[PDB]
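What follows is one chain in C-alpha cells, specifically the form deposited in one PDB entry.
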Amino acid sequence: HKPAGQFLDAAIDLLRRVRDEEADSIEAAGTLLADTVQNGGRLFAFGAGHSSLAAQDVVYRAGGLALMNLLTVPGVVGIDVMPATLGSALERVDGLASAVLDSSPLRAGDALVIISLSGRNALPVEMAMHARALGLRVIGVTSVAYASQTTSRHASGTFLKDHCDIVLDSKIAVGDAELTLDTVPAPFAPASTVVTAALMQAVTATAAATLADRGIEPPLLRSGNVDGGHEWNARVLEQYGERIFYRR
C-alpha cells in the first residue's frame, strides 16, 4: 500500500509485459545487432534527455558489448545541459539529427538503436528517417501507444515507429507516471528508464548469445570495479578498437 511498493509492483508488471509481449521483437533486434557485427558493421545507440540513459547503459558497460557506441547529440545527452529546459527545446530543432549523423562515422549497413518514449518530436523522428536514408538499419525503442494518443510534432506527421526496421514497444502509458494520489493533481513516479534500460540489456544480451551460438566469441567487457576488470577491458578495447569510437 505504501508508495515505494506500489511503484515497484508497477515496474515489475511493466517488465513482465515486455518479457511476455516483446520476446520475438527483442530476439529480432538482438539478431540484427549480431548480424551487423558479423558482417563488419558498427553499432550505435541514441536517445534524448532521459531516453539517453538507456543508450548509455549499454555503452562501455560491465557485462556489455564493447562494440556498442553512443551517438551523442550535444545538449541532449542526459539532462546535464544548462539550463536543462534547453534539452527539451533542442528536440524540436530540424536538422540537428542530420548534422550529427552526417558528422559521425555511421555508414550504410551500420545499426542504430533509437530510444524515444513518445516518438513524436522532430529530433528522434528525423534521426530515424535520415539514418534509413543513409542505409542504416534502425531499431526503435518507443511506446507505440503515443502514436495513437498524441499528435506528431514532426513536419511529416509521423512517429519514430513509422521509420524503424524493428520496433520495441516500451509499454509506458502516456504521461510517464505510474502513481496517483487523491490529494495530488499530477501523477508521479516514472518507470520509463527502468523499462527501457531492461529492454536494451535484453537486446544486447541476445546479441552476445547469438554470436556465441554461431561460434563467435562475443566481445564482452568486465566491471572495472572488480579487480582485474580494467586489464581485461584494455585487451578487448585494443582488439576491437577499429569499430570502437569512445577510446583510441
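For clarity, a rigid core is taken as the largest C-alpha set superposing within 1.5 Å between two forms. One-based numbering along the sequence shown. Shifts are known only where both forms have a C-alpha.
Missing here is the form deposited in another entry; even so, the following discussion is about that form.
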{"item": "Candidates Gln56, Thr31, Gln201, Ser223 - which moves between the shown form and the other one, C-alpha at least 2 Å, core fixed", "value": "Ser223"}
{"item": "Core-aligned C-alpha movement of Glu238 between the shown form and the other one reaching 2 Å", "value": "yes"}
{"item": "Direction of C-alpha distance change in the other entry, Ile216 to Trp232 (at least 3 Å)", "value": "closer"}
{"item": "Direction of C-alpha distance change in the other entry, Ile216 to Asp227 (at least 3 Å)", "value": "closer"}
{"item": "Where the chain shifts between the shown form and the other one once the rigid core is fitted, runs of at least 3 with Cα moving 2 Å or more", "value": "223-239"}
